[PDB]
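Protein chains in written order, with the entry's author numbering: chain AH, 68 to 189; chain AY, 276 to 395; chain AC, 36 to 167; chain AK, 28 to 128; chain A1, 49 to 243; chain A4, 56 to 163, 202 to 231, 237 to 259; chain AG, 70 to 132; chain AZ, 4 to 102. One structure below.
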RNA sequence: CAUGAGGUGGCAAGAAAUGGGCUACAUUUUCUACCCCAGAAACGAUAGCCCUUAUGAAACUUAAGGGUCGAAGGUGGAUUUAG
Ligand SMILES: [Mg+2]
């Protein structure tokens, strides 16, 4: 049975601070250059979720302690990877996954035409 | 049956290896079934009873004891359009809903007869 | 006076440590976070269950060690690998420590569906920083 | 062992609404229609009124899971606005830091 | 009771391999690592907190297990599982003319024992309708049947398919929808004279 | 033109020997079954034996306190269902049966109780998972039980021998 | 006083030796800038204060 | 809008899975409700409050066995014993208003 | 053998004083498409009333849309606050 070949994939890693995300991106680009894949990486804009809470509980409306939620984004632009290579890369990434990051995998597979598409029946 | 247990215990005793590093720790954790299979996939334990898409989307095979014209057929088309675009339910829930609708229609037969329509 | 969780400055006799000695507004500057998980980012959910599990684990670790701990405990929720890395005092026999560690690991792995491995640290007592 | 009755009543109402919900949903779907014979709407109203209370989703009150506070509860963590703020100031949950701008 | 045992400070020689010490994700134990790392808030006349009882160093996710030699060995050991990318698929033109159908995947991560996700069951079928038998009447009929989901600039079809809690079933349903769409090119009705 | 190679579907054994079975072991390394701090470092042999025995006793008492209250391990949260979350039970589920109840009480105050129950409820003795278990576990009492199980009814001759 | 300084110096130099061994370069050419880069890569401290950074210099700057 | 556009809209509604005959604004809410999951039976609604019963039972079991050394219950028992030895014990059945 | 707990309904109704938010008190305003090279009518938000709509088992109110009527308004003098 033929193997599936993937086109592009955007496995981005988000973190609260900056140092751990930079170190993870450096480790990722090292693991990429030590194989022969040659990937790219840029810095998308960040987002900060803010919400205001009451400092006390009684008649103290003049004092409010707000809280933010700083997070960053660093996506990896991978190119030319088959199914087995992508699975091995995902395995090696998950084996060294931190305890405070996210990971979404969006791999697009390649295919010419299915069986019933030219002259199908119902 | 006890001889097989004794033989398995002897095998486990003669084939034991003390843990040297964290690699054996993670190997034992994976073989025991604790972490997720690392090919992290949203299909393990979520096959939805192996029902295909022709039973989820196309609900034409559930329109037998219902007329083709009138408000009854309109309500049937409405509930079919509603269930066909429901990714949270499955085929069993739709079958149960159709059965409950059929039971509700058969329980109140005089209402359907006096509703200016003939329940076929 | 916004009396927060900071240590009050009065008489020089309280052996305050280094964790809760700083002000609550120096967390992202001169401190850190005990817990860390994906629930604290945008687009994720199920944070209430994580907070409940964290507070239950903290209460259990404080109850099972009535004085055997020093400060607090650092949480590392690595998807499905919890690690209660903390410290230990030099006051009891190592047999009791091994027994408690094994019992806690077994309870965690058989209740919260997650294996846990500890990393004890050899300290004489509480990590004191100021005698104020 | 429980200490408060309000949270118990709230969780019992939530459980009874979770158990009895498909019938109410079907009745509400049969109610709101364009034409439809009026006898069906009448019998649906009779069936939904014959059932007692302590099951309606309107009777569900969102409160805290530790303090049972009806007002000032974030839906993200489902708790009061005091214990969460204290645990955030202690330096436990990541990300939730004081707004320094 | 009380005892005194020498840690790894007096055991490490000069040519000891680092991944052989901490091969797994170690949370950095200062009692065994003889690295004098110091950080924190110092004072005017004094020194900051060292490594003993340093909770800040334990909070920081250290990457000592990501040794460069270990990364090199892991990359050299995984070369057998890697297949081979053909030279005919390097260019985007031939890769798009030979494989125009694209099926995006969805694989998220959680923080608990459950890995269920209702948002990870949607596929994005991005097929460029430019390498098929698109004539004039068939193309006009397909455009009028789609509406705005088919871009008239890049000629990329975008259909959000997420009506079943599976991915292969979503792909099969998308294939069936494309089949019904292409059936309109060969099976007409009787309302084309009043166009 | 485009050559599509075959697929490779590997499990855990492949990545195991590809990653874990490649990094060598440290020279002055310690067994990872214990700990790493100097206060719990396996120096001599008696300390290692004591630590291993304490770990085994802790695991045993944990299993005991878990299986003692079956009403605390009946809520399954994980959808894939980890197989290490099913507690073991020692009480029979059907007391109206005789041979099945005796077998559940013996294998799946044990063998003697099962024999007494089978004699009281008039249950036939089988040749599998009965005579062998009585001869192994329960050497005069075990031999007497085996002889009684063999002479109770005409079962298999090879198993009785 | 001098004994603790000598202990800190010997700990610093054995740590530098171990770091130069684990990185893969010669310990003589392992300058302090490379030490700081390796510490920042292995210990990614994500804070805003510049004083709470993991450093490993000569004890003349710490004390 | 003409007959051709109407037939195209009908074909699109039959393909995507809508209703052939035209409906009204009051009959689409039930359809879009059946096309989703109700709020009274979703993910985070009926499990709003965690099951504190099993946790309380486990805490009481560990307290009776002597594992979870909770100082709050010990202080409560101390205060109860002090109030009993002082002269204010717990009222029993048959002492108060009647006797 | 309650000052405890569960079931049905009622509680936001008016002689009257008082603080805060919004609205306008016309050619600086109002409307029409382009948000100011335009035109026109010598102005706007609220009682109350009728119909209808999203959720709600049933609007005695806080939501919105439609319709004749649409209440002091025509730039505030005894004292004050911020930039
Ligand atoms: Mg203040």
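Positions of the beta carbon are idealized from the N, C-alpha and C atoms, including for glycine.
Residue i Cβ short of 7 Å to ligand 1 heavy atom set
i                      : result
residue 81 (chain AC)  : no
residue 125 (chain AH) : no
residue 130 (chain AH) : yes
residue 37 (chain AC)  : yes
Closest Cα partner of residue i within the set the options
i                      : options                                                           : result
residue 111 (chain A4) : 203 (chain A4), 156 (chain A4), 216 (chain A4) and 89 (chain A4)  : 89 (chain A4)
residue 79 (chain AK)  : 93 (chain AK), 44 (chain AK), 89 (chain AK) and 125 (chain AK)    : 44 (chain AK)
residue 140 (chain AH) : 114 (chain AH), 154 (chain AH) and 124 (chain AH)                 : 114 (chain AH)
residue 95 (chain AK)  : 47 (chain AK), 117 (chain AK), 109 (chain AK) and 82 (chain AK)   : 109 (chain AK)
residue 89 (chain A1)  : 75 (chain AC), 71 (chain AC), 65 (chain AC) and 78 (chain AC)     : 65 (chain AC)
residue 139 (chain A4) : 145 (chain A4), 147 (chain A4), 129 (chain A4) and 146 (chain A4) : 129 (chain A4)
residue 126 (chain AC) : 165 (chain AC), 108 (chain AC) and 103 (chain AC)                 : 103 (chain AC)
residue 188 (chain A1) : 208 (chain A1), 233 (chain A1) and 173 (chain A1)                 : 233 (chain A1)
residue 375 (chain AY) : 38 (chain AK), 50 (chain AK) and 104 (chain AK)                   : 50 (chain AK)
residue 93 (chain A4)  : 79 (chain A1), 49 (chain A1) and 85 (chain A1)                    : 79 (chain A1)
residue 331 (chain AY) : 199 (chain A1), 221 (chain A1) and 177 (chain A1)                 : 221 (chain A1)
residue 72 (chain AH)  : 166 (chain AH), 185 (chain AH), 163 (chain AH) and 153 (chain AH) : 153 (chain AH)
residue 126 (chain AK) : 122 (chain AH), 158 (chain AH), 151 (chain AH) and 185 (chain AH) : 122 (chain AH)
residue 353 (chain AY) : 15 (chain AZ), 17 (chain AZ), 12 (chain AZ) and 21 (chain AZ)     : 21 (chain AZ)
residue 71 (chain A4)  : 284 (chain AY), 300 (chain AY), 285 (chain AY) and 287 (chain AY) : 300 (chain AY)
residue 58 (chain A4)  : 166 (chain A1), 225 (chain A1) and 137 (chain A1)                 : 137 (chain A1)
residue 277 (chain AY) : 230 (chain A4), 259 (chain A4) and 240 (chain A4)                 : 230 (chain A4)
Those residues which DSSP pairs with residue i across a bridge
i                      : result
residue 171 (chain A1) : 209 (chain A1)
residue 203 (chain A1) : BP columns for residue 203 (chain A1) are empty, so no partner.
residue 151 (chain AC) : 117 (chain AC)
residue 198 (chain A1) : 205 (chain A1)
residue 192 (chain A1) : Paired residues: none, contrary to the question.
residue 176 (chain AH) : 73 (chain AH) and 151 (chain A1)
residue 192 (chain AH) : Lying outside 68 to 189, the shown extent of chain AH, residue 192 (chain AH) is not represented and no answer is given.
residue 124 (chain AK) : 135 (chain AH)
residue 143 (chain AH) : 108 (chain AH)
residue 157 (chain AC) : 123 (chain AC)
residue 112 (chain AC) : 117 (chain AC)
CA-to-CA distance, residue j to residue i, given in whole angstroms
i                      : j                      : result
residue 120 (chain AK) : residue 110 (chain AC) : 10 Å
residue 334 (chain AY) : residue 304 (chain AY) : 45 Å
residue 155 (chain AH) : residue 151 (chain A1) : 20 Å
residue 115 (chain AK) : residue 169 (chain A1) : 34 Å
residue 145 (chain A4) : residue 158 (chain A4) : 12 Å
residue 41 (chain AC)  : residue 52 (chain AC)  : 11 Å
residue 123 (chain AC) : residue 298 (chain AY) : 25 Å
residue 87 (chain AH)  : residue 109 (chain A1) : 7 Å
residue 74 (chain AH)  : residue 175 (chain AH) : 6 Å
residue 98 (chain AC)  : residue 72 (chain AG)  : 42 Å
residue 145 (chain AH) : residue 69 (chain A4)  : 25 Å
residue 124 (chain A1) : residue 60 (chain AZ)  : 54 Å
residue 70 (chain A1)  : residue 74 (chain AZ)  : 40 Å
residue 194 (chain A4) : residue 259 (chain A4) : You won't find residue 194 (chain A4) in this model, because chain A4 goes from 163 right to 202.
residue 366 (chain AY) : residue 329 (chain AY) : 10 Å
Closer than 7 Å: residue i CB and nearest ligand 2 heavy atom
i                      : result
residue 191 (chain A1) : Among the ligands in the structure shown, ligand 2 does not appear; only ligand 1 can be found there.
Nearest-angstrom Cβ-Cβ length linking residue i and residue j, presumed shorter than 8 Å
i                      : j                      : result
residue 77 (chain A4)  : residue 64 (chain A1)  : At roughly 18 Å, the Cβ-Cβ gap does not stay under 8 Å, so residue 77 (chain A4) and residue 64 (chain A1) are not in contact.
residue 138 (chain AC) : residue 117 (chain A4) : 5 Å
residue 372 (chain AY) : residue 387 (chain AY) : The Cβ separation is near 18 Å, so there is no contact.
residue 89 (chain AZ)  : residue 76 (chain AZ)  : So it is not a contact: roughly 20 Å between Cβ atoms.
residue 115 (chain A1) : residue 91 (chain AG)  : 6 Å
residue 106 (chain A1) : residue 120 (chain AC) : 6 Å
residue 86 (chain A4)  : residue 293 (chain AY) : 5 Å
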